[PDB]
Every structure is written in structure tokens, then in C-alpha cells.
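Below is one structure, written out as C-alpha cells; the observations come after it.
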Amino acid sequence: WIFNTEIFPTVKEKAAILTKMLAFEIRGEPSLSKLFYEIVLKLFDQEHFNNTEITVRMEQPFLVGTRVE
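This is the structure in C-alpha cells:
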């Protein structure tokens, strides 16, 4: 949905729960970042154009997502 289209309701709140997704890593839910990665991978993939999926929220968990198992 956040990579769907341009109707655009719920933009920062989609970024907001994305911050909440990382703390499942200390729970051992491996896909939680891995889907968050593969979405952010697909955020990085196929676009390479815009700072959508707001690049503030796109930059910083990309860091800790590199420092993972």
C-alpha cells in the first residue's frame, strides 16, 4: 500500500509502525525485519528515483538493518 499509488492517506503513520517493526528482532521474528528489508529492498529496487516511503524513515533503519544477523 505504501508502495502502491498516489491517493496517499496514512503516510507518516505507515512510516511510524515501520519504526515499531524493528523491536521484534529481539523476539526472534526473523521476517519482521526481513519483510521490512525486502520492502525497503523493493523501496530501493525498481524506483531509484524519489525519496518516497519517507526517506527519513528509509535512511535510519537501513543502517541497523545492515547490522543484523
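Each residue of the sequence shown is one higher than the last, beginning at 2359 in the UniProt record's numbering.
Using N, Cα and C, we set each Cβ at its ideal position, and we do this for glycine too.
Between which two residues does the alpha helix (DSSP H) carrying residue i extend?
i: residue 2419; result: 2413 to 2424
i: residue 2383; result: Per DSSP, residue 2383 belongs to no alpha helix (DSSP H) and is neither H nor E.
i: residue 2377; result: 2370 to 2378
Just confirm the distance between the C-beta atoms of residue i and residue j, as a whole number of angstroms; I'd bet it's less than 8 Å.
i: residue 2414; j: residue 2380; result: About 15 Å separates the two Cβ atoms, so there is no contact after all.
Of the residues the options, which one's Cα is nearest the Cα of residue i?
i: residue 2374; options: 2392, 2383, 2412, 2426; result: 2412
i: residue 2426; options: 2394, 2370, 2371, 2408; result: 2394
Pairs of beta-carbons, one from the segment 2361 to 2369 and one from the segment 2378 to 2391, closer than 8 Å: are there three or more? no
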